[PDB]
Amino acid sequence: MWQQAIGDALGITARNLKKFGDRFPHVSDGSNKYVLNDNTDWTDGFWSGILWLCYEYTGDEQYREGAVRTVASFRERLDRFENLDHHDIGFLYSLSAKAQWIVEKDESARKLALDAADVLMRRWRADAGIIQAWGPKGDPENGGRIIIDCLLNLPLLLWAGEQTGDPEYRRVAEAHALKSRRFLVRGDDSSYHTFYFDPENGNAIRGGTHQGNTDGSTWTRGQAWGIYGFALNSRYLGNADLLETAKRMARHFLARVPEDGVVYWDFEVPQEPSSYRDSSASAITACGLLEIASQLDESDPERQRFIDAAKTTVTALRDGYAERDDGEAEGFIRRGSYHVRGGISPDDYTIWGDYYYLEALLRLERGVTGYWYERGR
């Protein structure tokens, strides 16, 4: 079943909240403890998301109150504009502020999410037709660079558009999603991690990565962002081409899943136990597979195959990577990897991996779909 798997996450989270205090987990670094920050990275929202998911599952207010405290932290982060000059505003605010709006319709949370969407819109570069991933506008190196994870940040914009009625949100999100499909996805259904465009006109320059093994390899977390990301955008935009792309990327991913059911950090490196894994890529994909399935007609025989593939992925994670609540462990799943090439936490907990693992469990057990879009939209 999924209840006991969720149970370990619930225990770990309740204990973590009392240990972390108002701090946020990011990744572990050689031990079963998370390295923490004061809401200054791109991953802080995943902690908020975990707290909200735990609350939705239990109705236990210790989780809600912790989540509300993180939302207060995000309100302050925005007012001080601390490290928000990047495109991961969605990861940060959809899972915290927007989540509170989805869970209990808190108007102040809704305002914060909209204020955040406004900030993300500031990353749009009209001349290049893209949302700049990192660095200040005009950055000589990153001024016209997009990264595939931006796809999961578009939901914040799409949601804001549906809340305000301002067509500009959807226009920008749609343009970026389509440009990502054309240049980040490859002809063999694999994908580039990032792509560079001329800041002045938007002409395509080249694809590449600082995380994947090589510019032309297939970094598994990147492939995973594509699977879930394109599916989330296909739902909002009602675009069958984006859904087709998510399915193509999903099949490419699934065909390269190793024996134990959890992927290595890159598909183009030795696929043997000696290579680092990335349990987070498998967790993200599990959610993406379920999102894809939810958009297919029940008469489609592949719908059940996507659902079963997701269940198989979650089972593989639970059996070979999930941590039991032993009163010490602070993460849900082991062997995630942050930056293998840089030697940064290559075999550790990753808060995003934990969030997606828990979202997959909630999707399977309660039909709870997270905070990328309004329930039963």
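Note that residue numbering follows the sequence shown and begins at 1.
- Higher mean CA B-factor, judged across 131-139 and 233-241 from the recorded values: 131-139.
- Looking at 340-348 and 36-44 together, the entry lists the larger mean B-factor for 340-348, computed on C-alpha atoms.
- Within the selection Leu78, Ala283, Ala160, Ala99, the deposited Cα B-factor values reach their highest point at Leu78.
- Highest CA B-factor among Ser94, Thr220, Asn201, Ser180, as stated in the entry: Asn201.
- Among all modelled residues in this chain, the alpha-carbon of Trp2 has a temperature factor (C-alpha) in the highest third.
- Sorting the modelled residues of the chain by their CA temperature factor places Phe253 in the middle third.
- Per the PDB record, residue ranking by Cα B-factor puts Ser31 in the highest third of the chain.
- Annotation for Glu330: CA B-factor lies in the lowest third of the chain's modelled residues.
- Per-chain ranking of the deposited C-alpha B factor places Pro25 in the lowest third.
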